[PDB]
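Okay, start.pdb now, which holds PDB, C-alpha atoms:
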```pdb
ATOM      1  CA  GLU A 332     -75.663 126.280  55.278
ATOM      2  CA  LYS A 333     -77.869 124.470  57.857
ATOM      3  CA  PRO A 334     -78.298 124.328  61.654
ATOM      4  CA  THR A 335     -76.084 122.097  63.807
ATOM      5  CA  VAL A 336     -78.491 120.111  65.952
ATOM      6  CA  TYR A 337     -76.564 117.097  67.306
ATOM      7  CA  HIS A 338     -74.663 117.228  70.558
ATOM      8  CA  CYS A 339     -71.904 114.705  71.085
ATOM      9  CA  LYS A 340     -69.995 113.438  74.129
ATOM     10  CA  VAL A 341     -67.122 110.996  74.171
ATOM     11  CA  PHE A 342     -65.830 108.967  77.139
ATOM     12  CA  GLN A 343     -62.895 106.509  77.544
ATOM     13  CA  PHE A 344     -62.796 103.742  80.129
ATOM     14  CA  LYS A 345     -60.165 101.301  81.310
ATOM     15  CA  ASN A 346     -62.372  98.196  81.738
ATOM     16  CA  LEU A 347     -65.953  97.321  80.936
ATOM     17  CA  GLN A 348     -66.224  93.695  82.120
ATOM     18  CA  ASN A 349     -68.981  94.441  84.628
ATOM     19  CA  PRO A 350     -72.190  93.274  82.912
ATOM     20  CA  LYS A 351     -74.217  95.512  85.248
ATOM     21  CA  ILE A 352     -72.389  98.545  83.837
ATOM     22  CA  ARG A 353     -72.935  97.355  80.231
ATOM     23  CA  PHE A 354     -76.624  96.884  81.004
ATOM     24  CA  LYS A 355     -76.939 100.469  82.295
ATOM     25  CA  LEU A 356     -75.154 101.937  79.280
ATOM     26  CA  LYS A 357     -77.305 100.023  76.885
ATOM     27  CA  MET A 358     -80.633 100.555  78.588
ATOM     28  CA  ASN A 359     -80.164 104.321  79.081
ATOM     29  CA  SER A 360     -79.037 104.773  75.438
ATOM     30  CA  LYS A 361     -82.103 102.844  74.363
ATOM     31  CA  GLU A 362     -84.531 104.730  76.640
ATOM     32  CA  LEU A 363     -83.091 108.107  75.659
ATOM     33  CA  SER A 364     -82.976 107.168  71.954
ATOM     34  CA  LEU A 365     -79.326 108.248  71.842
ATOM     35  CA  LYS A 366     -77.144 107.251  68.895
ATOM     36  CA  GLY A 367     -73.489 106.248  68.911
ATOM     37  CA  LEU A 368     -71.501 103.263  70.087
ATOM     38  CA  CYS A 369     -69.374 101.650  72.698
ATOM     39  CA  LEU A 370     -66.202  99.812  71.560
ATOM     40  CA  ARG A 371     -63.491  98.071  73.571
ATOM     41  CA  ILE A 372     -60.300  96.219  72.770
ATOM     42  CA  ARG A 373     -60.949  92.618  73.685
ATOM     43  CA  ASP A 374     -63.354  91.656  76.417
ATOM     44  CA  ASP A 375     -61.118  92.858  79.235
ATOM     45  CA  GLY A 376     -59.500  95.873  77.562
ATOM     46  CA  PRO A 377     -60.000  99.693  77.421
ATOM     47  CA  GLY A 378     -62.505 101.340  75.164
ATOM     48  CA  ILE A 379     -64.665 104.276  74.196
ATOM     49  CA  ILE A 380     -68.268 105.495  74.442
ATOM     50  CA  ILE A 381     -69.737 107.944  71.945
ATOM     51  CA  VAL A 382     -73.244 109.308  72.344
ATOM     52  CA  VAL A 383     -74.998 111.686  69.937
ATOM     53  CA  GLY A 384     -78.432 113.304  70.411
ATOM     54  CA  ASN A 385     -80.021 116.335  72.003
ATOM     55  CA  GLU A 386     -78.463 118.372  74.788
ATOM     56  CA  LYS A 387     -80.695 117.166  77.567
ATOM     57  CA  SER A 388     -80.071 113.521  76.829
ATOM     58  CA  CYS A 389     -76.317 113.865  76.436
ATOM     59  CA  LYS A 390     -76.065 115.694  79.812
ATOM     60  CA  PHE A 391     -78.125 113.011  81.574
ATOM     61  CA  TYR A 392     -75.865 110.401  80.009
ATOM     62  CA  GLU A 393     -72.702 112.248  81.142
ATOM     63  CA  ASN A 394     -74.025 112.337  84.712
ATOM     64  CA  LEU A 395     -74.860 108.618  84.471
ATOM     65  CA  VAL A 396     -71.394 107.682  83.263
ATOM     66  CA  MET A 397     -69.297 110.149  85.266
ATOM     67  CA  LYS A 398     -71.204 110.295  88.563
ATOM     68  CA  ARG A 399     -73.726 107.507  88.978
ATOM     69  CA  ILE A 400     -72.006 104.372  87.674
ATOM     70  CA  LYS A 401     -69.432 102.900  90.034
ATOM     71  CA  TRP A 402     -66.600 101.994  87.644
ATOM     72  CA  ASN A 403     -64.292 101.053  90.525
ATOM     73  CA  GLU A 404     -66.777  98.644  92.036
ATOM     74  CA  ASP A 405     -65.638  95.029  92.519
ATOM     75  CA  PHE A 406     -68.024  92.378  91.209
ATOM     76  CA  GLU A 407     -68.322  88.647  90.643
ATOM     77  CA  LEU A 408     -67.920  87.680  87.012
ATOM     78  CA  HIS A 409     -69.542  84.590  85.407
ATOM     79  CA  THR A 410     -67.429  83.122  82.595
ATOM     80  CA  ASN A 411     -67.275  80.004  80.393
ATOM     81  CA  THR A 412     -65.180  78.307  83.103
ATOM     82  CA  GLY A 413     -66.500  79.576  86.452
ATOM     83  CA  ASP A 414     -67.194  82.551  88.725
ATOM     84  CA  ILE A 415     -64.425  84.897  89.878
ATOM     85  CA  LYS A 416     -64.066  87.973  92.069
ATOM     86  CA  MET A 417     -62.898  90.908  89.930
ATOM     87  CA  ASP A 418     -60.729  93.663  91.438
ATOM     88  CA  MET A 419     -61.810  96.971  89.855
ATOM     89  CA  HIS A 420     -59.999  99.380  92.196
ATOM     90  CA  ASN A 421     -57.929 100.664  89.254
ATOM     91  CA  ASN A 422     -60.794 101.144  86.813
ATOM     92  CA  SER A 423     -61.746 104.647  85.697
ATOM     93  CA  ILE A 424     -63.781 106.688  83.248
ATOM     94  CA  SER A 425     -62.768 110.004  81.599
ATOM     95  CA  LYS A 426     -64.801 112.500  79.540
ATOM     96  CA  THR A 427     -62.694 113.501  76.602
ATOM     97  CA  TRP A 428     -64.501 115.287  73.749
ATOM     98  CA  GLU A 429     -67.703 117.233  73.823
ATOM     99  CA  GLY A 430     -69.195 119.331  71.125
ATOM    100  CA  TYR A 431     -71.629 119.498  68.213
ATOM    101  CA  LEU A 432     -72.116 117.606  64.960
ATOM    102  CA  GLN A 433     -74.023 118.804  61.875
ATOM    103  CA  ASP A 434     -74.603 115.200  60.754
ATOM    104  CA  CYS A 435     -73.952 111.786  62.252
ATOM    105  CA  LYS A 436     -73.368 108.507  60.456
ATOM    106  CA  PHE A 437     -74.513 106.460  63.489
ATOM    107  CA  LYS A 438     -77.663 104.384  62.982
ATOM    108  CA  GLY A 439     -78.689 103.361  66.493
ATOM    109  CA  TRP A 440     -76.586 102.695  69.545
ATOM    110  CA  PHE A 441     -74.386  99.592  69.518
ATOM    111  CA  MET A 442     -71.782  97.805  71.568
ATOM    112  CA  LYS A 443     -68.973  95.739  70.138
ATOM    113  CA  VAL A 444     -65.786  94.045  71.209
ATOM    114  CA  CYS A 445     -62.891  94.596  68.756
ATOM    115  CA  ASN A 446     -59.938  92.203  68.485
ATOM    116  CA  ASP A 447     -57.182  94.834  68.552
ATOM    117  CA  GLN A 448     -56.639  98.572  68.681
ATOM    118  CA  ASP A 449     -56.379  98.795  64.906
ATOM    119  CA  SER A 450     -59.714  97.029  64.574
ATOM    120  CA  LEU A 451     -61.239  99.605  66.862
ATOM    121  CA  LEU A 452     -59.724 102.514  64.945
ATOM    122  CA  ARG A 453     -60.886 101.032  61.644
ATOM    123  CA  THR A 454     -64.393 100.738  63.059
ATOM    124  CA  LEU A 455     -64.428 104.381  64.292
ATOM    125  CA  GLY A 456     -63.108 105.300  60.844
ATOM    126  CA  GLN A 457     -66.296 104.065  59.172
ATOM    127  CA  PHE A 458     -68.184 106.688  61.179
ATOM    128  CA  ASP A 459     -65.560 109.413  60.677
ATOM    129  CA  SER A 460     -64.758 109.125  64.384
ATOM    130  CA  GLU A 461     -61.227 107.698  64.634
ATOM    131  CA  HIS A 462     -59.787 110.875  66.163
ATOM    132  CA  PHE A 463     -62.037 110.471  69.233
ATOM    133  CA  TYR A 464     -59.906 107.623  70.622
ATOM    134  CA  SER A 465     -56.725 108.209  72.610
ATOM    135  CA  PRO A 466     -54.294 105.249  72.463
TER     136      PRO A 466
END
```
Translate this structure into structure tokens?
Amino acid sequence: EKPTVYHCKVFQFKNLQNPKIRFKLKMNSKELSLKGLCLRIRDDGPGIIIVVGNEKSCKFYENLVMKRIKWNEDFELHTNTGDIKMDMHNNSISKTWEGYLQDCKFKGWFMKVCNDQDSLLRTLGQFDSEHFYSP
């Protein structure tokens, strides 16, 4: 019997190709010393964000993700072949789970692209988190 000190919030997004959005997610997780991860299915696919830490930091991060980042914002994308105008009008972010953990298996905060949905689920599985993803 021990206290439960870790808050946790989980978000799912449709597209995370905007490098400016990735930069904000990464830098705020780093500056807030949040733990968790951000996974998506292929470069241009849907994915999940999990953050774990204290209450204050998780609430700041929710406001960042749900209110301050413009997920629907068009941008120009630089690829191996050229530069293209991306249409993001259909992009969106949802908060799914929120709650408390007694312990977390996360080591820092990390971003990864997975090759398929099953790869993503397998990865969440290593952190006991596979249930957090809605296919």
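The closest residue to residue A:339, picked from A:404, A:374, A:429, A:393 and counting all atoms listed in the file, is A:429.
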- Shortest contact to residue A:440, candidates A:460, A:360, A:403, A:454, atoms counted only C-alpha atoms, goes to A:360
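When only C-alpha atoms are used to compute distances to residue A:463, the closest of the residues A:388, A:411, A:422, A:343 turns out to be A:343.
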- Message: Residues proximal to (-76.1, 119.7, 72.5) were defined as those with any atom within 8 Å of that point in the file's coordinates, counting all atoms listed in the file. Which are they, as a list in words?
- Response: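 Looking at atoms near the point gives residues 336, 337, 338, 339, 384, 385, 386, 387, 389, 430 and 431 of chain A.
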- Query: Nearest to residue A:351 among A:400, A:381, A:452, A:442, with distances taken over all atoms listed in the file: which residue is it?
  - Reply: A:400
- Applied to the shown file, which residues does the PyMOL selection byres ((chain A and resi 423) around 10) return, written as a list in words?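 Selected by the PyMOL selection byres ((chain A and resi 423) around 10) here: residues 343, 344, 345, 346, 347, 377, 397, 401, 402, 403, 419, 420, 421, 422, 424 and 425 of chain A.
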- Given the PyMOL selection byres ((chain A and resi 366) around 8), the residues it picks as number ranges by chain: A: 360, 364-365, 367-368, 382-384, 437-440
Would you save the residues from that selection as a compact mmCIF listing (two decimals), in the coordinates of the input, using C-alpha atoms?
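To be explicit, this is the file written out as selection30.txt:
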```
# COMPACT_ATOMS: atom_id res chain seq x y z
CA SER A 360 -79.04 104.77 75.44
CA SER A 364 -82.98 107.17 71.95
CA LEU A 365 -79.33 108.25 71.84
CA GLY A 367 -73.49 106.25 68.91
CA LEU A 368 -71.50 103.26 70.09
CA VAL A 382 -73.24 109.31 72.34
CA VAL A 383 -75.00 111.69 69.94
CA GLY A 384 -78.43 113.30 70.41
CA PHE A 437 -74.51 106.46 63.49
CA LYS A 438 -77.66 104.38 62.98
CA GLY A 439 -78.69 103.36 66.49
CA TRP A 440 -76.59 102.70 69.54
```
- Message: Once the PyMOL selection byres ((chain A and resi 461) around 12) has been evaluated on this model, what residues remain selected, and can you format them as a ChimeraX atom specification?
- Response: /A:341,370,379,381,448-460,462-466
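Here the question is which of A:375, A:405, A:414, A:362 gets nearest to residue A:444 using all atoms listed in the file, and that residue is A:375.
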- Message: For a test of reading the model, state the distance in Å between atom CA of residue A:342 and atom CA of residue A:390, rounded to one decimal.
- Response: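 Going from atom CA of residue A:342 over to atom CA of residue A:390, I get 12.5 Å.
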- Item | One-decimal distance in Å that lies between atom CA of residue A:357 and atom CA of residue A:395 | 11.7 Å
- Item | Nearest-residue call for residue A:373, choices A:359, A:394, A:446, A:410, using all atoms listed in the file | A:446
- Task: Tell me, as a count of residues only, which residues lie within 10 Å of residue A:350, counting all atoms listed in the file; anything in the same chain fewer than 5 positions away does not count.
- Result: 6
- Query: So what do you get for atom CA of residue A:340 versus atom CA of residue A:427, distance-wise?
  - Reply: 7.7 Å
For stretch 391-403 of chain A, what centre and edge lengths in Å (one decimal) does the axis-aligned box get once 4 Å is added on each side of all its listed atoms, as JSON?
```
{"center_x": -71.2, "center_y": 107.0, "center_z": 85.3, "size_x": 21.8, "size_y": 20.0, "size_z": 18.5}
```
